[PDB]
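Chemist: Starting off with a structure, shown below.
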Amino acid sequence: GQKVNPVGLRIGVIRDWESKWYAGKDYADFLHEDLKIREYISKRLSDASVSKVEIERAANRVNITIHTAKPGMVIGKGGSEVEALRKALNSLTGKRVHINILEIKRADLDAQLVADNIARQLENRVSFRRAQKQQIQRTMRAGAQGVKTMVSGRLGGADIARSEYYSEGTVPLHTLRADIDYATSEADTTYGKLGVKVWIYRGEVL
Amino acid sequence: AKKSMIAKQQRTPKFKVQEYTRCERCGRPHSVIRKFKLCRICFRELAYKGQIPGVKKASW
Amino acid sequence: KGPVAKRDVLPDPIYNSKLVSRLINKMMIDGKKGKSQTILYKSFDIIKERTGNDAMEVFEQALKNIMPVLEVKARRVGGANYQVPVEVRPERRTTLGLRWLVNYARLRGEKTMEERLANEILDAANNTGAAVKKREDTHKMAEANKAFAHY
RNA sequence: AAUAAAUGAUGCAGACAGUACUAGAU
RNA sequence: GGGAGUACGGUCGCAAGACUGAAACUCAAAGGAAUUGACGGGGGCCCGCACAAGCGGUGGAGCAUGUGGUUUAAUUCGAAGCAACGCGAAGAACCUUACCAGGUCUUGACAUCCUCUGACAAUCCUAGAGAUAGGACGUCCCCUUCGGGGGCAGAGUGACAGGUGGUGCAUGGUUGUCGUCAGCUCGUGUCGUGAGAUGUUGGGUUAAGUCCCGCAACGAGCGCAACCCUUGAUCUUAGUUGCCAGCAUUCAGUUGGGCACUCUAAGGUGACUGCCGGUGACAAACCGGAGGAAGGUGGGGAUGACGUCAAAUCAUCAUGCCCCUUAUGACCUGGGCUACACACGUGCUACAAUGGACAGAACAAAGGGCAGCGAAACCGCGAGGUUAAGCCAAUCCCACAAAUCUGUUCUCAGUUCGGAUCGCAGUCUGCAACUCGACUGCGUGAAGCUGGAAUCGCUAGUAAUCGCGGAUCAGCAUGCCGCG
RNA sequence: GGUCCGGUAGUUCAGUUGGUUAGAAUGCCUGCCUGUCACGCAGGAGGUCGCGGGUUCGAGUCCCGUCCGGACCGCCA
């Protein structure tokens with residue numbers, strides 16, 4: 001047993017709901033539909049480096065907000081991307097689906113994409129020190145009061161698997177009002193599986 | 001024997017009485033949830049990930 | 001650390017007494033204070049009936065008889081397991097008297113706890129009684145352990 | 001008329017594995 | 001270094017022994033100082049139901065449940081002191097089901113691949129236990145400017161699929177313990193040639209390495225309190241599906257009517273050492289004092305610091321490696337998962353007069369309701385069955401809480417105690433309670449009369465104890481979650 | 001070979017003599033404490049009286065014969 005993630009604890013304090021709707025008699029059905037939608041959109045845009053995707057139920061209409069940090073890679077020409085992204089969801093769901101795409105400024109601050117890039121660098125055989133230090137410096141120059149990154153598993157050894165800590169600044173997980181962005185990533189290497197844990201403290205709200 | 005068990009769950013049972021419940025995400029019987037139809041660990045992680053608008057941390 | 005405070009409820013129409021209230025609090029089982037109240041009321045009524053006297057004085061004399069003056073506390077100084085007589089404060093004396101009264105009354109054995117407690121109060125007012133056997137044994141132990149009146 | 005702070009010596013607890021165990025680069 | 005101050009030899013001595021003093025063999029260490037941690041039956045000091053005093057249990061008995069032994073067609077597998085044993089698993093008649101007997105299949109139950117032939121489905125007879133076939137009725141597909149495309153079924157090919165197969169001594173992810181204990185660290189500088197220390201040591205103080213003083217050190221992070229939620233009191237916002245007093249009506253709070261007031265759901269305030277005295281250094285800090293609902297984190301919940309246990313999970317999921325593949329994979333009927341000369345954890349019921357049975361009476365708090373919850377009426381001693389109001393819910397229902405009190409009655413007995421085992425007859429469900437639920441009535445009723453070492457929980461609305469609702473659920477709770 | 005003594009829980013000794021009845025420790029098992037052990041504590045089972053006959057209502061016990069393990073003599077020339 002160890003610490004718990006802040007994503008499930010900060011709800012109601014500052015962070016709003018990633019899903020905003022009031023359902024009835026179809027709660028689990030809509031939840032499963034949205035889970036499938038998120039799985040598909042993540043597997044498709046895994047290369048587009050999408051951080052998170054919110055959904056809103058609108059009385060048979062679904063409004064989806066996507067934070068990608070790179071518009072030209074998720075909308076591109078505008079037409080082909082929007083078609084391929086909306087008609088697929090429409091056909092796989094059964095009703096209208098509206099998509100909205102926001103761009104994350106300072107893309108080096110969101111834990112999701114940070115862990116994604118770290119896992120990509122690891123899968124590229126980059127040393128677990130160089131990649132971690134470079135990502136930490138990138139985040140710190142982008143602007144963050146605190147950054148914590150942990151990698152556990154086989155970092156080149158076979159008999160033993162150990163963790164590594166590298167963090168600068170203040171990461172007060174116990175402070176309720178912290179707006180800490182948390183996300184995890186996995187990296188399947190030839191020697192086994194590696195897990196990346198990243199929770200970034202962006203700032204507190206008075 | 002996990003996806004085989006999922007296909008068996010999805011099979012049309014002879015009698016409706018023969019039907020059993022599965023969380024629709026993994027192959028974990030033994031305390032699947034009804035209200036959410038999601039597995040224990042799956043439901044926990046998803047609620048922690050901001051989904052499930054209704055469920056939040058409880059205190060009393 | 002240190003001691004702690006407490007309080008009880010005195011008012012009781014049948015033979016009003018703080019010690020009677022403490023006794024009512026005692027003998028109670030399963031959170032049923034009403035049963036104990038009724039038992040005490042009926043026992044005092046039987047006492048007043050059989051004996052032409054107020055049950056208050058009889059209860060006071062029974063308490064004065066059963067109350068232990070000296071307590072024998074064990075103490076293991078080496079491989080001897082000695083004992084040390086102790087002066088019991090009035091609160092502890094009253095509590096011990098209540099404990100012995102209740103225990104020996106329920107141990108006597110009759111058709112009703114009412115009659116048991118009545119006969120116990122009688123055999124306490126008259127020094128010859130079960131709880132007074134315990135009192136005498138405790139006094140004998142304290143006397144035999146007089147060698148350690150003080151460490 | 002006043003009024004003293006003491007007193008101290010505690011009996012018992014024997015053994016635990018043969019072979020095992022984390023790495024780092026300007 | 002051990003061999004070894006040993007053996008041979010020689011001198012001394014009454015003797016004990018003394019002096020001199022090797023070799024073979026064997027190991028790559030033996031040893032001195034100091035630094036960190038660890039431990040101690042060394043010392044000082046502090047507190048945690050730890051001890052002391054008690055309230056009630058376990059350990060005796062019946063039952064339920066789980067684990068080891070033994071027995072099986074299988075009794076699927078994991079977990080093993082604290083940190084396994086009412087734990088995974090919040091409910092095994094099939095289904096869940098993994099394990100086994102039998103009947104079977106092999107691009108397979110499941111997802112991408114390729115060539116086509118076109119909708120499949122849906123009703124019906126035989127074998128069936130069914131898998132599956134023998135089959136008949138029958139296939140209605142659509143979209144375009146004629147190629148084709150969007151699924152489903154089939155007919156062939158191999159890439160593949162399957163792994164509840166092993167490795168938690170390779171892992172990700174998730175949790176238990178120390179531990180809600182208070183410590184664990186970093187930048188700069190200094191000292192020591194070194195591991196390292198200084199900051200973190202010394203004094204006071206706190207639940208806290210919380211804070212203050214001194215300070216060869218100055219700052220900072222993870223922690224700790226803090227802001228998060230709940231409850232304890234108040235101002236305002238609002239009175240319908242809440243309340244009924246003032247008003248008039250009612251068998252009913254049912255109607256007109258009021259939002260006075262509980263109440264509910266919103267914004268605020270409030271308790272923050274806020275104020276005074278004393279103590280303490282004048283500080284940090286502690287005792288008392290008025291107010292107040294709240295006095296010294298008000299109570300509780302969430303929040304579990306670096307790391308230890310090669311701790312648990314390859315079984316939730318992925319996972320490299322290894323292994324099987326017309327089988328360690330897959331379909332179906334039945335069985336087993338529920339057997340017990342046994343022993344042990346946890347829980348329930350009992351041994352009776354604070355009692356047993358019968359008559360009358362009051363108060364609840366929380367939660368649920370759409371193939372769902374189901375008023376009321378009727379039938380039946382009964383579990384329950386029939387018609388059915390109402391409710392997508394402050395409306396209606398679940399749902400008349402029991403302990404408790406006031407009476408009648410029995411009487412100290414293996415009993416008018418207990419209801420287990422038990423035979424019969426029935427109720428809820430479901431194709432079916434036979435291996436395999438619960439409940440009800442009939443007739444009996446033992447073990448059992450307080451239980452061995454030893455052991456467990458509990459400092460206030462706590463202990464003990466009486467009922468209520470939900471999860472898993474067609475139907476299954478002495479266990480779980482909460483409430484009173 | 002001749003006299004004398006015993007054959008009892010798995011082991012060591014009681015019980016026999018008194019004819020109607022089998023005991024103490026050790027040992028084993030269960031339980032408790034202990035992280036694991038020993039030590040420690042509470043219980044349980046376990047002998048059919050070496051073997052075969054005879055007096056009997058009845059023999060571990062009384063009287064016999066037999067097989068064992070022991071205590072002594074098995075001499076005189």
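Chains: A, B, ... in order of the structure tokens. Residues: from 1 per chain. Ligands: from 1, in order shown.
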Determine, counting only C-alpha atoms (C1' of nucleotides), which protein, DNA and RNA residues have an atom within 7 Å of an atom of segment 55-58 of chain C; residues of the same chain fewer than 3 positions away are not included. Present the result as a list in words.
Modeler: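 Contacts, in chain order: residues 15, 44, 47, 48, 61, 62 and 125 of chain C.
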Chemist: With only C-alpha atoms (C1' of nucleotides) considered, list every residue of chain E at most 7 Å from chain A, as a ChimeraX atom specification.
Modeler: /E:170-172,175-176,221,228,303,319-320
Chemist: Using N, CA and C atoms (P, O5', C5', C4', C3', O3' and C1' of nucleotides), can you export the residues from the last selection as a PDB file, in the first residue's frame?
Modeler:
ATOM      1  P     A E 170      10.852 -14.262 -10.506  1.00  0.00           P
ATOM      2  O5'   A E 170      11.372 -12.839 -10.993  1.00  0.00           O
ATOM      3  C5'   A E 170      12.757 -12.526 -10.982  1.00  0.00           C
ATOM      4  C4'   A E 170      13.074 -11.400 -11.932  1.00  0.00           C
ATOM      5  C3'   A E 170      12.332 -10.096 -11.688  1.00  0.00           C
ATOM      6  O3'   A E 170      12.894  -9.297 -10.663  1.00  0.00           O
ATOM      7  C1'   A E 170      12.158 -10.660 -13.964  1.00  0.00           C
ATOM      8  P     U E 171      11.989  -8.167  -9.969  1.00  0.00           P
ATOM      9  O5'   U E 171      11.158  -7.568 -11.190  1.00  0.00           O
ATOM     10  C5'   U E 171       9.855  -7.033 -11.007  1.00  0.00           C
ATOM     11  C4'   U E 171       9.369  -6.352 -12.261  1.00  0.00           C
ATOM     12  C3'   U E 171       8.166  -5.436 -12.103  1.00  0.00           C
ATOM     13  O3'   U E 171       8.502  -4.164 -11.579  1.00  0.00           O
ATOM     14  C1'   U E 171       7.847  -6.826 -13.982  1.00  0.00           C
ATOM     15  P     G E 172       7.420  -3.330 -10.734  1.00  0.00           P
ATOM     16  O5'   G E 172       6.421  -2.771 -11.840  1.00  0.00           O
ATOM     17  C5'   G E 172       6.890  -1.931 -12.884  1.00  0.00           C
ATOM     18  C4'   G E 172       5.778  -1.539 -13.821  1.00  0.00           C
ATOM     19  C3'   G E 172       4.533  -0.963 -13.165  1.00  0.00           C
ATOM     20  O3'   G E 172       4.660   0.414 -12.862  1.00  0.00           O
ATOM     21  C1'   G E 172       3.904  -2.618 -14.731  1.00  0.00           C
ATOM     22  P     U E 175      -4.010   1.268  -4.147  1.00  0.00           P
ATOM     23  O5'   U E 175      -4.534   0.066  -3.246  1.00  0.00           O
ATOM     24  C5'   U E 175      -4.256   0.027  -1.857  1.00  0.00           C
ATOM     25  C4'   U E 175      -4.231  -1.388  -1.340  1.00  0.00           C
ATOM     26  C3'   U E 175      -3.500  -1.594  -0.023  1.00  0.00           C
ATOM     27  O3'   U E 175      -4.308  -1.284   1.100  1.00  0.00           O
ATOM     28  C1'   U E 175      -2.803  -3.234  -1.584  1.00  0.00           C
ATOM     29  P     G E 176      -3.656  -0.650   2.426  1.00  0.00           P
ATOM     30  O5'   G E 176      -3.025  -1.905   3.177  1.00  0.00           O
ATOM     31  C5'   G E 176      -3.859  -2.915   3.723  1.00  0.00           C
ATOM     32  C4'   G E 176      -3.052  -3.994   4.400  1.00  0.00           C
ATOM     33  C3'   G E 176      -2.028  -3.515   5.415  1.00  0.00           C
ATOM     34  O3'   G E 176      -2.607  -3.234   6.677  1.00  0.00           O
ATOM     35  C1'   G E 176      -1.044  -5.131   3.990  1.00  0.00           C
ATOM     36  P     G E 221       9.711  24.511   1.253  1.00  0.00           P
ATOM     37  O5'   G E 221       9.842  23.006   0.750  1.00  0.00           O
ATOM     38  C5'   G E 221       9.863  22.707  -0.636  1.00  0.00           C
ATOM     39  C4'   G E 221      10.136  21.247  -0.889  1.00  0.00           C
ATOM     40  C3'   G E 221       9.206  20.263  -0.199  1.00  0.00           C
ATOM     41  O3'   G E 221       7.973  20.103  -0.877  1.00  0.00           O
ATOM     42  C1'   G E 221      11.449  19.559   0.068  1.00  0.00           C
ATOM     43  P     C E 228     -12.446  24.236   3.824  1.00  0.00           P
ATOM     44  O5'   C E 228     -11.979  22.819   3.270  1.00  0.00           O
ATOM     45  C5'   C E 228     -11.709  22.628   1.890  1.00  0.00           C
ATOM     46  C4'   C E 228     -12.082  21.235   1.451  1.00  0.00           C
ATOM     47  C3'   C E 228     -13.310  20.642   2.124  1.00  0.00           C
ATOM     48  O3'   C E 228     -14.524  21.085   1.546  1.00  0.00           O
ATOM     49  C1'   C E 228     -11.555  19.072   2.191  1.00  0.00           C
ATOM     50  P     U E 303      -7.603   7.729   2.568  1.00  0.00           P
ATOM     51  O5'   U E 303      -6.604   8.969   2.575  1.00  0.00           O
ATOM     52  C5'   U E 303      -6.507   9.836   1.454  1.00  0.00           C
ATOM     53  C4'   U E 303      -5.673  11.050   1.772  1.00  0.00           C
ATOM     54  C3'   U E 303      -4.339  10.776   2.447  1.00  0.00           C
ATOM     55  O3'   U E 303      -3.321  10.418   1.528  1.00  0.00           O
ATOM     56  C1'   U E 303      -5.473  12.495   3.609  1.00  0.00           C
ATOM     57  P     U E 319       0.305  -9.151 -23.342  1.00  0.00           P
ATOM     58  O5'   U E 319       1.534  -9.055 -22.331  1.00  0.00           O
ATOM     59  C5'   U E 319       2.511  -8.033 -22.456  1.00  0.00           C
ATOM     60  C4'   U E 319       3.531  -8.106 -21.349  1.00  0.00           C
ATOM     61  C3'   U E 319       4.277  -9.426 -21.224  1.00  0.00           C
ATOM     62  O3'   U E 319       5.359  -9.535 -22.130  1.00  0.00           O
ATOM     63  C1'   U E 319       3.496  -8.766 -19.096  1.00  0.00           C
ATOM     64  P     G E 320       5.172 -10.318 -23.520  1.00  0.00           P
ATOM     65  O5'   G E 320       6.653 -10.736 -23.926  1.00  0.00           O
ATOM     66  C5'   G E 320       7.679  -9.763 -24.046  1.00  0.00           C
ATOM     67  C4'   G E 320       8.919 -10.179 -23.298  1.00  0.00           C
ATOM     68  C3'   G E 320       9.304 -11.645 -23.420  1.00  0.00           C
ATOM     69  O3'   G E 320      10.011 -11.932 -24.614  1.00  0.00           O
ATOM     70  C1'   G E 320       9.380 -11.001 -21.149  1.00  0.00           C
TER      71        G E 320
END
Chemist: Can you measure atom CA of residue 137 of chain C to atom CA of residue 98 of chain C for me? One decimal in Å is fine.
Modeler: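 Going from atom CA of residue 137 of chain C over to atom CA of residue 98 of chain C, I get 16.8 Å.
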Chemist: Can you tell me, as a list in words, what residues are no more than 10 Å from residue 207 of chain E when counting only C-alpha atoms (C1' of nucleotides), ignoring any on the same chain fewer than 5 positions away?
Modeler: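 The neighbour list is residues 224, 225 and 297 of chain E.
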Chemist: May I have the residues from that selection written out with N, CA, C and O atoms (P, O5', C5', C4', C3', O3' and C1' of nucleotides), as a PDB file, in the first residue's frame?
Modeler:
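The file below, selection.pdb, is the result:
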ATOM      1  P     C E 224       1.137  14.383   6.253  1.00  0.00           P
ATOM      2  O5'   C E 224       1.472  14.961   7.698  1.00  0.00           O
ATOM      3  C5'   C E 224       1.692  14.087   8.794  1.00  0.00           C
ATOM      4  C4'   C E 224       1.803  14.851  10.087  1.00  0.00           C
ATOM      5  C3'   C E 224       0.774  15.951  10.294  1.00  0.00           C
ATOM      6  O3'   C E 224      -0.470  15.463  10.765  1.00  0.00           O
ATOM      7  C1'   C E 224       2.921  16.798  10.771  1.00  0.00           C
ATOM      8  P     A E 225      -1.827  15.826   9.984  1.00  0.00           P
ATOM      9  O5'   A E 225      -2.214  17.266  10.540  1.00  0.00           O
ATOM     10  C5'   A E 225      -2.588  17.443  11.897  1.00  0.00           C
ATOM     11  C4'   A E 225      -2.785  18.900  12.232  1.00  0.00           C
ATOM     12  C3'   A E 225      -3.570  19.714  11.217  1.00  0.00           C
ATOM     13  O3'   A E 225      -4.969  19.565  11.379  1.00  0.00           O
ATOM     14  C1'   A E 225      -1.633  20.910  11.906  1.00  0.00           C
ATOM     15  P     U E 297      -4.518  21.570  21.495  1.00  0.00           P
ATOM     16  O5'   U E 297      -4.966  21.659  19.970  1.00  0.00           O
ATOM     17  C5'   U E 297      -6.292  21.333  19.583  1.00  0.00           C
ATOM     18  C4'   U E 297      -6.440  21.308  18.084  1.00  0.00           C
ATOM     19  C3'   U E 297      -7.740  20.723  17.556  1.00  0.00           C
ATOM     20  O3'   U E 297      -8.813  21.649  17.577  1.00  0.00           O
ATOM     21  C1'   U E 297      -5.918  19.784  16.377  1.00  0.00           C
TER      22        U E 297
END
Chemist: Skip residue 3 of chain B itself and residues of its chain fewer than 2 positions away, then list as a VMD selection string all residues within 6 Å of it, counting only C-alpha atoms (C1' of nucleotides).
Modeler: (chain B and resid 5 to 6) or (chain E and resid 110)
